[PDB]
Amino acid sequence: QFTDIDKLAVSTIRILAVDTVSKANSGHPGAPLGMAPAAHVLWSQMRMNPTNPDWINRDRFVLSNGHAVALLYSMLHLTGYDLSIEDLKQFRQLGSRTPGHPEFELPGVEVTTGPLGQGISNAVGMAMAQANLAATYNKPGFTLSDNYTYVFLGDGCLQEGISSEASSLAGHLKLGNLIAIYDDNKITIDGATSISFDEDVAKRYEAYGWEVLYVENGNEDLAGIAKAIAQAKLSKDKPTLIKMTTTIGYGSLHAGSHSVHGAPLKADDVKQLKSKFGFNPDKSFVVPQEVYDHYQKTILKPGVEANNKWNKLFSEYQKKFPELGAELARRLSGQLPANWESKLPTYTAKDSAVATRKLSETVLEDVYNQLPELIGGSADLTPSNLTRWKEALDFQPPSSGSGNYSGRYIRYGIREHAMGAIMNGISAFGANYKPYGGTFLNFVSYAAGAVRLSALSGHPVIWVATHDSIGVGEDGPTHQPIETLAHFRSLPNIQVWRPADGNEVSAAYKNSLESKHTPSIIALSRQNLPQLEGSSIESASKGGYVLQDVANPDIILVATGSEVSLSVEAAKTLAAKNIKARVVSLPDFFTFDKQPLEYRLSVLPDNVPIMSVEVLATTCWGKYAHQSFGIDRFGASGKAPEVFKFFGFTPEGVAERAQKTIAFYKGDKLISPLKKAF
């Protein structure tokens, strides 16, 4: 039963979201205005503690259409989160806590949203991380895990293929605690949805295995909106999409036009709206005390009792189940196990040539049981990526007979972008989740809308990107990366590790997992590389290091991944002709850059020529090397030795370019590419 106050609370939500777009004189007013009744209804039955945004068993809410953020900040403020009328009064302004799109980093904001289709896929990830936490820790007597994931979305989310990718996997996985409400407002920026989008969302969703409930009058039916979510909570075997019809910009004079989508309302239109709802038209940012009181009583005071009772059960649990409680309290404290690192593989040069892809499989094989928070998967390339450790159980519904939700290995399908954002949501659940997803380095590019947000929000997810170069061979240029590393190296905040040998793969994993805020891509060879003489975990961990040194080098050859051994061989040729080369192995541009300049300048000093060697785009390399031997045209079908030799990446071919670099600069003093003037 809802009452007068529920209706005064919905009016307050509607107008506070309108005073905030108008004062910023920038923003989108229309979806706040029409979704306001369901935000009131939903939020009021979420179990969450506004004083503790981090409580692991809090029901979690995603705004997949994050352009509607004025409603989120209104709810956050009104139900007792740390966001004030003053914060609200500096929406979209430089330096505020109120950006024009939700950012993961604020209290009460789960993920960063605003690219469409990204929120819904993030929330699927979250529903997967819950299902797994429950099956791993919940003991009879101790339901530590059971929260729902609530997602608000629009037409725009539903047109983006990532949502499709995501909803198919979610229907496959039978994720019944994910409840999605969709704003069936019939508008997007260009006009009526019918002008492009006129399909059958409900029949398309039932083909995935989701339940579709409908709310025909989303503008005023609080009781139907409430009944749908009630009913939805019973479909435990299938997720729910609730198709809810609303008028965009409800209450506005131009409500239902695409004009209310993304500009502030006209003064005159905001004044009538206020009167219309019984608010004074000349007063901004007004919150009725009965409203503050309502939410205190219905949401914040219950929630703090809920988080209290959950703690008492968890302290009991740890007495009863010591091992499991210690493990879980560690995941919650965000610690990796003490000296987990010791289980990592070290190698010598007597050991054999292995592609860094097999070596990968062996770190996984040697640390999964160390790290129960590690959950992994492949986008249909498990045999090519070698992402399954042998004793693994698949993350599936128990109904499947292929696994169950205690399993820690997911089969993502040929769905790369969706894997990006599901791992970003699994990471985002907490309980120190460490997701890693495998695919081929060229098709990480299929997942760039997700991969970018891992950097921006700071979600420390791992992509095990095998088949890094023309080493791929016969499959040819549709499958051979050129511009890939160069792209991700231009994106702020992501490690891009291209390990050369066993000990360089173990430093890539060490740094990747110890990371709390920076994603990582590990680019791995298809082909066999030898064990370098000189690589340790410790020096590879500094991101870039001197693998072989000479006193007074004629040249410094800087190389990554498969090209470091070529440089060690090219250096062997050069010595024979009395040129002294130092060989610098540079495994991660990011970690390297984080070293002190004393160290970086010792690796790449002044007065020596530096020529870089890597079989991909040369563009990114001018910040370390003086000359660069790389590949700036697409690849070729051929046996991979034949493809490297075609392009000239042979010992003597590299050596020759080093000799031409020496000759070109002879009698010039040289300044390290590292030294910056401002």
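The first residue of the sequence shown is number 1, and the count goes up from there.
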Between the two ranges 29-37 and 621-629, the one averaging a larger CA B factor in the entry: 621-629
Per the entry, higher mean C-alpha B factor between 372-380 and 435-443: 372-380
Selection from 482, 328, 597, 120 [criterion: highest C-alpha temperature factor in the record]: 597
Most elevated Cα B-factor in the entry, residues 182, 314, 488, 137: 314
Within-chain third of residue 668 by Cα B-factor, per the entry: highest
Third assignment of residue 538 from its chain's C-alpha B-factors: highest
Position of residue 612 among the chain's modelled residues by C-alpha B-factor, lowest, middle or highest third: middle
Chain-wide C-alpha B factor ranking for residue 285, given as lowest, middle or highest third: highest
Chain thirds of CA B-factor: placement of residue 524: middle
